[PDB]
Amino acid sequence: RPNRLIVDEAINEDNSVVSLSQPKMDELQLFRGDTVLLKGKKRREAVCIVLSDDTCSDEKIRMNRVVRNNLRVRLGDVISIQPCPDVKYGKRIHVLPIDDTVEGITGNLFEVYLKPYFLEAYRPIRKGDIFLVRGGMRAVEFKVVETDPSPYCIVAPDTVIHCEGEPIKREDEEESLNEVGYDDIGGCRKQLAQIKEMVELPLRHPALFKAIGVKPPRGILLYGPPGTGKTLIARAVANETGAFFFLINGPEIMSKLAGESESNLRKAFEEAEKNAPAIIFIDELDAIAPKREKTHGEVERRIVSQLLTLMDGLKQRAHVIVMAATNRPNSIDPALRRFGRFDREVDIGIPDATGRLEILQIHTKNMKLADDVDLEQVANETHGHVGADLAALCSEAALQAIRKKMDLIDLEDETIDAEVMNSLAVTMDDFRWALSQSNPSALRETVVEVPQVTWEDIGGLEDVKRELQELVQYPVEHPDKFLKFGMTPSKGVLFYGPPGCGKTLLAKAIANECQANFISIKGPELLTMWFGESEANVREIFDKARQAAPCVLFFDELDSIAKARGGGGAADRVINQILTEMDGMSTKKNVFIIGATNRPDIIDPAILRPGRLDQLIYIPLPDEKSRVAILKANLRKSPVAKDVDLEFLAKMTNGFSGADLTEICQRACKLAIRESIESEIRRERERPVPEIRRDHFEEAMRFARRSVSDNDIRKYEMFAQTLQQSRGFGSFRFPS
Amino acid sequence: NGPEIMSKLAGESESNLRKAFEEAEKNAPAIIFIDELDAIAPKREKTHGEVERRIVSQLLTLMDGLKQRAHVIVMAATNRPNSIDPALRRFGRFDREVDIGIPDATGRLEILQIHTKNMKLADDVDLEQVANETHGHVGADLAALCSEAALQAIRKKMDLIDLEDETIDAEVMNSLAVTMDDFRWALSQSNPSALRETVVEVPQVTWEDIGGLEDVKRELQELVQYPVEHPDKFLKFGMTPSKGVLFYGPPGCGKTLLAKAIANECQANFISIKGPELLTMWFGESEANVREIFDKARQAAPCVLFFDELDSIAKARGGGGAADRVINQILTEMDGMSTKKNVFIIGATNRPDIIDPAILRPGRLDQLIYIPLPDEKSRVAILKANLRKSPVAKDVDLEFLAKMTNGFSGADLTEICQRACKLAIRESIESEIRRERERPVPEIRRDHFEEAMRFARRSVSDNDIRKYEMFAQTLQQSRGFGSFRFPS
Ligand SMILES: CN1CCC(NC(=O)OCC#Cc2c(F)cc(OCc3nnc(S[C@H]4C=CCCC4)n3-c3cccnc3)cc2F)CC1
Ligand SMILES: CN1CCC(NC(=O)OCC#Cc2c(F)cc(OCc3nnc(S[C@H]4C=CCCC4)n3-c3cccnc3)cc2F)CC1
Ligand SMILES: Nc1ncnc2c1ncn2[C@@H]1O[C@H](COP(=O)(O)OP(=O)(O)O)[C@@H](O)[C@H]1O
Ligand SMILES: Nc1ncnc2c1ncn2[C@@H]1O[C@H](COP(=O)(O)OP(=O)(O)O)[C@@H](O)[C@H]1O
Ligand SMILES: Nc1ncnc2c1ncn2[C@@H]1O[C@H](COP(=O)(O)OP(=O)(O)O)[C@@H](O)[C@H]1O
């Protein structure tokens, strides 16, 4: 029947809920909240609530792991759908905790966290399948045995959910939801989808590779700082996609008595190729196979060469993927990067911004979060933390809450039931204490981010916004028209203008609008690389942009090296290496190399050349209309009272940049907070204000900073004229 | 394998090394391939263990004793020749270096068709464009690029043909048509493996791509093409042909273009050493790398070596006495390569006044060719060559645009035509998105050039053009000897 689709990872967290596209929903005869019934590859069915999501196509039907392990359907398989609506309100259903997840958890766990979830929202029920409930810091898999003599059941107040719990073991057909999967990684979206596309076809359908002459991907080089989830990602898309996952430690093979270690290395590969299409994971390929040139012993050279020969001979069987984990690609010997041996690098990188947020919800869903936690704030607070730190941060705050409840509940030495854990509510105190205690593991590594700065956060510069969106967004969506006229699109823009005017903000907005990774190389980094004669690190930065494509590379303070030299002939070491890497990356056509200069007059003229930063966009001081938008964008988060006059503050400030207005609004916020704190402490010492009042802005404007004024604004205009190059050719007309 | 012999238990590894040579000399005239001679025989001086020294010495003795049988070739693979111990380069032991180098330009194209002939390519793929797109990729990357695009097409067809777990026949594969989407996605996903290595290329720039400079073209074709095809007449008169030309003139006027055209006309390899490379070697005190560059030109002969921005090192010092580190090593290597007579050492200076006078000497860059700003006639050819690929409407007046622009270099006219193309593409995209939001232009119209000429750049003008002319006079050295006649 045409009512059969392909499964996709669900963007929601609700269990027994199917998210489908609206045209497919009406083609499938589905209403807004109609129950949709599914038939899997094996003898099991599960009725689910339909959901209208616009992020998926008709064929892509979103499903959780909950409605995937019971349906015996892996990610990227065919699901059969047929509706069958009957009332059938459940009469004394037989949901049971029968599994291996109920260990050391006793008490009223049968109903404490089932009433808020399993007895709410009229969710559909089925027998023979297993759903999941996350409560009391516990993710419990509950199976249901009887749901009335019908394959379609809906929960009801008379379902009773009577208690018949047993330690009955699970069957091998069902997959453990406690085991990792696609939903257990949140900090990586593009990098996880890369591995998905890489290894879904070779693993799910090895017969196609055996049939069609292709070179299957046999070798992965997942690299990144330790604790970023490379092992987690390997286990996730090796058990959810594949069926066997080997986890040789790395130090285990470097530790054993030479011959036995190599025997284990051979035997792991053999068992991978003997059992089924599997994934071999080398967690410490940097340790097993370091740079052979710098090695001293020869038995380690024998280990490296034996690994090389095993990988070269692993071209057979057409179905075995070999994932390898390391901290950086320039530390492995330059022989594990050859064709057929870890030729694909899928660099993970530090989790960035909302990605860290997307990690926290994975380690908090089983836990509780009360109602006062600012997960976005703690996500912006945890800068420089790999996913392991966020797992520890979510575990240290939970342990802080538990240890604060230990004094409340004294003498407790039992299973501690599951009701007090349900009553546990981790607040901002525990998370703040854990964040203060937690230490970043990967902070000095350059962060590859997708910025949260949008066009709404950019005040004014409408002409600059139009030029940017017609210069970088145009080629990425209309390549045919660019190819027809025979012109390589301009890559690289040098934003010149007054400092603190919105160049980094504009670059971040460009990165966010195109949903591309953003690498900001600030002036401190360039000056550090210049002073220590570390220009060879510049290459690494570009290599990072090559491994995080598409990138919106931003060289903030491109004149910082020129400023540090006095402000002869320019052409410094780091700037020259930047020029060389720009010439190298001009053929990438996937990374943008945006620059920035707060003093464009003292700059290397080589930076202004085709292939390099040819297009020049001037970021002028905001005018009367632009300052209103700048102040509104800098005060959207702040609770500003309506009685203030921002469009008059725009009129009064004439030569104020975006940074100056941001300082003005931040000082107004500071005075508002100071007055609120003074009032609160005075009331506490005796026994307030809900918004930034007018007087706060009145007092803040007394320290109104104008960083750039008069001749400085002239200089850019001078550099404008010298770079506008009208040269008297304006208003030039051809003859008829 | 190489690592196979470095991996086994010493004695068994050497037994396999002996037995491979024996079976090669026992069966028939064969070829022994050492895929990792760099791994089997690294620099013996820097090695720590002695059993690896035993391996290196045993390989050396086997190769020395391989002078027999008169029919066994022994190929060896490595990443660079300066990493092997300086004993596997002796006579009779890998004495011939046949350096492969990164595939260059159309060569990468010539690789793609090898990995695409068995595959399909639909009808919209621009193989030349993706060949120009895959800069810095070895043939393995192109094999993976042709395999990742094919796999992208297959995986996009997996959703169309559901439930397929069979041999998948051969008819749907015939119906498979890899388009530009798959190749673009694979190129974005693919990572270059050899990008930092210097590229040895045969340029696609021909004399047709060079606008104007007919006298310079004639001088070049009579100065470098003449000796390579008439050596007997050069030998008869007793004169070593001039090797090395210093192109001086305004920047962005066609010096690199002329060098590439010279390389393409003679079908010789082209090595471009730009100003960034020289400045990097000067700043890091890496002048020893200059040798390597010349060594590359020695292993890619014939070469048309081009030192773009030969005054870049002098510019970075202020613009005393010149004679910088990298320029001095370049002088030494020029003196070394003056006896090659197979590589040309063309230079380029956008500011020839501040240059090392040692660079102007016999054996070194003696001949000097001035690349002047294009005149009224040359600008027509420059604009036509820069607009051959672009679909320019016939109603435009390029020979009038040549008249209007006076001090415009080739780079300035190229920027003008590129900006006209940019405005044409912008108008086309605006019209298309407006039609899509409501429901165009087929060529670069007149108004596009009209708007582009409003930002007409003149990079070099007035006294700058004087300076080269000054350097012309100081180097023309008429000295009053013009119109000098012998007595009868
Ligand atoms: C006159 N002579 C004749 C022969 C030859 N001319 C020819 O025949 O070919 C012309 C072409 C082209 C082209 C391309 F080379 C890359 C493209 O893809 C866009 C894209 N994808 N990602 C990016 S980065 C972006 C991702 C968004 C966030 C930021 C970074 N860009 C892109 C965007 C802007 C600039 N540059 C590349 C499309 C093309 F049409 C040379 C000249
Ligand atoms: C007065 N004292 C008396 C005794 C002695 N004089 C004498 O008796 O001998 C004179 C001679 C000679 C000669 C030669 F030494 C090399 C030749 O071959 C040409 C060639 N082949 N490839 C190249 S490079 C080219 C390949 C094309 C693309 C670019 C690079 N060139 C070549 C071309 C231009 C300049 N130089 C070499 C021919 C000769 F006739 C010394 C002076
Ligand atoms: N992107 C992520 N999302 C969720 N959890 C993560 C992420 N990255 C790391 N973690 C957590 O950090 C831990 C890292 O463990 P592991 O993957 O074995 O080591 P490594 O990350 O060094 O390979 C995992 O237990 C995982 O729960
Ligand atoms: N056009 C603008 N709209 C909104 N905020 C701006 C604008 N320009 C600057 N800002 C504010 O200035 C602050 C710093 O700006 P910055 O990016 O450092 O300027 P520049 O790029 O000139 O150095 C940011 O917090 C931002 O909120
Ligand atoms: N004589 C010419 N004919 C055609 N195009 C030219 C000419 N001179 C320069 N150009 C154009 O200028 C651009 C860059 O020139 P370039 O080789 O950098 O000049 P220079 O060698 O003086 O630095 C090239 O894309 C080329 O198309």
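Residues numbered from 1 in each chain as written, not as in the entry; some residues may be left out. Chains lettered and ligands numbered in written order. Part of a larger assembly, values for the part shown. Heavy atoms only, no water.

This deposited entry lists cryo-EM as its structure determination method and 3.33 Å as its resolution.

Caption draft 1: Just the domain arrangement of chain A, in detail. For chain A, the assigned domains read domain 1 (1-87), domain 2 (88-170), domain 3 (179-350), domain 4 (351-445), domain 5 (446-622) and domain 6 (623-708). With centres defined by C-alpha atoms, the gap from domain 3 of chain A to domain 6 of chain A works out at 55 Å. (Domains from an automatic or database assignment.)

Caption draft 2: Molecular detail of the site of ligand 4. All names here are of chain A. Around ligand 4 lies a shell of 17 residues, among which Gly459, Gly500, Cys501, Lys503 and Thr504 are the nearest. In this structure, an oxygen atom belonging to ligand 4 sits 2.5 Å away from a main-chain N or O atom of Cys501. One of the side-chain nitrogen or oxygen atoms of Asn634 is found 3.0 Å away from an oxygen atom of ligand 4. If ligand 4 stood free it would expose 560 Å²; the protein chains cover 80% of that surface. Of all the secondary structure elements, the ones that give two or more residues to the shell around ligand 4 are helix 18 (503-513) and helix 25 (658-686). Of the residues assigned to the shell around ligand 4, the class counts are eight nonpolar, seven polar and two charged. (Near = heavy atom within 4 Å. Polar contact = N/O pair within 3.5 Å; in protein donor to acceptor, adjacent residues only side chain to side chain. Areas by Shrake-Rupley, 256 points an atom, 1.4 Å probe, with all protein chains shown as cover. Helix = DSSP H or I, 4+ residues; strand = E, 2+ residues; numbered from the N terminus. Nonpolar A, V, L, I, M, F, W, Y, C, P; charged D, E, K, R; others polar.)

Caption draft 3: Broad picture of the domain arrangement of chain B. All names here are of chain B. Entries for chain B in the domain assignment read domain 1 (103-197), domain 2 (198-374) and domain 3 (375-460). Opposite the five residues of domain 1 that make contact, domain 2 presents six residues. Between domain 1 and domain 2 lies a buried interface of about 430 Å² when both sides are counted; carbon and sulfur atoms form 53% of it. Sorting the residues of domain 1 by area buried against domain 2 places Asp104, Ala105 and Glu197 first, and these three jointly supply 74% of that buried surface. If you look at where domain 1 meets domain 2, you find zero salt bridges. (Contact = heavy atoms within 4.5 Å. Buried area = accessible area lost by both parts, 1.4 Å probe. Salt bridge = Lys/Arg side-chain N within 4 Å of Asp/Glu carboxyl O.)

Caption draft 4: Fine view of a nonpolar patch on the surface. Residues and elements named next belong to chain B. Side chains of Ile31, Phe33, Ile73 and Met75 sit close together on the surface and give an oily, nonpolar patch of about 400 Å² of accessible area. When residues of the nonpolar patch are traced back to their parent elements, those giving at least two are strand 1 (31-34) and strand 2 (73-76). With respect to the helices and strands, the residue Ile31 is situated in strand 1. Look at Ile31 and you get partly exposed, because its relative accessible area is 48%. (Patch = residues over 30% accessible without salt bridge, like charges linked within 9 Å, V, L, I, M, F, W, Y side chains within 5 Å. Buried < 20%, exposed > 50% of the residue type's maximum accessible area, 1.4 Å probe, protein only.)

Caption draft 5: Summary view of the UniProt feature "binding site: ATP 1" in chain A. Residue and element names in this part refer to chain A. The UniProt record annotates "binding site: ATP 1" at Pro226, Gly227, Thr228, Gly229, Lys230, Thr231, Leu232, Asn327 and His363. For the residues just named, distributed over 138 residues, the greatest C-alpha separation reaches 23.6 Å, placing them at more than one site. Along the chain, the position of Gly227 falls in the loop between strand 12 (220-223) and helix 5 (230-239). Sequence-distant contacts of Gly227, that is, excluding residues within four places in its chain, are made with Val386, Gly387 and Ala388. On the secondary structure map, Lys230 appears in helix 5. In this structure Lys230 comes out as buried when scored by relative accessible area, which is 7%. Looking at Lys230, its side chain comes within polar contact range of the main-chain oxygen of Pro225, at 3.2 Å. (UniProt positions renumbered as here; feature names shortened; annotations may be inferred.)

Caption draft 6: Up close: the UniProt feature "binding site: ATP 2" in chain A. Residue and element names in this part refer to chain A. The UniProt record annotates "binding site: ATP 2" at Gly500, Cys501, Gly502, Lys503, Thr504 and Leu505. By the secondary structure assignment, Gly502 is in the loop between strand 16 (493-496) and helix 18. The partly exposed category is assigned to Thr504, whose relative accessible area is 26%. Among all residues touching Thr504, those that are not within four sequence positions of it are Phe554 and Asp556.

Caption draft 7: Summary view of the sheet that holds strand 13 (residues 244-246) of chain A. Residue and element names in this part refer to chain A. Pairing in this open sheet of four strands is parallel, and the strands run 12-15-14-13 from one edge to the other. Of all strands in the sheet, those bounded by a partner on one side alone are strand 12 and strand 13. The sheet shows a mean angle of 20° between the axes of neighbouring strands, taken without regard to direction. The pairing of strand 13 with strand 14 (residues 278-282) spans three bridges and is parallel. (Pairing = 2+ DSSP bridges. Axes fitted to C-alpha atoms, helices over the stretch in contact; angles between N-to-C directions.)

Caption draft 8: Broad picture of the packing of helix 2 (residues 11-27) of chain B against helix 4 (residues 51-64) of chain B. Residues and elements named next belong to chain B. For the pair helix 2 and helix 4, the least separation of the axes is 11 Å and the interaxial angle reads 15°. Viewed along their axes, helix 2 and helix 4 adopt a mutual orientation that is roughly parallel. Classified by chirality, the crossing of helix 4 by helix 2 is right-handed. Residues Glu14, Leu17, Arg18 and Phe21 of helix 2 pack against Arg54, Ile55, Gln58, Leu59, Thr61, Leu62 and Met63 of helix 4. Looking at side-chain class alone, the contact of helix 2 with helix 4 contains six nonpolar, two polar and three charged residues. (Parallel < 35°, antiparallel > 145°, perpendicular 65-115°, else oblique. Left-handed = near helix turned anticlockwise from the far one by under 90°.)

Caption draft 9: Focus on the nonpolar core. With 66 residues, the main nonpolar core has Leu305 and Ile330 of chain B as its most contacted residues. Tallying contributions element by element places helix 17 (residues 325-337) of chain B first for this core, with six residues. With residues near it in sequence (within four places) discarded, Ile330 of chain B still touches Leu278, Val290, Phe294, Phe307, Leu310 and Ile359 of chain B. In terms of nonpolar packing, the next biggest core, distinct from the first, is built from 63 residues, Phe542, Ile593, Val708 and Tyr716 of chain A among them. (Core = buried A, V, L, I, M, F, W, Y, C linked by side-chain atoms within 4.5 Å.)

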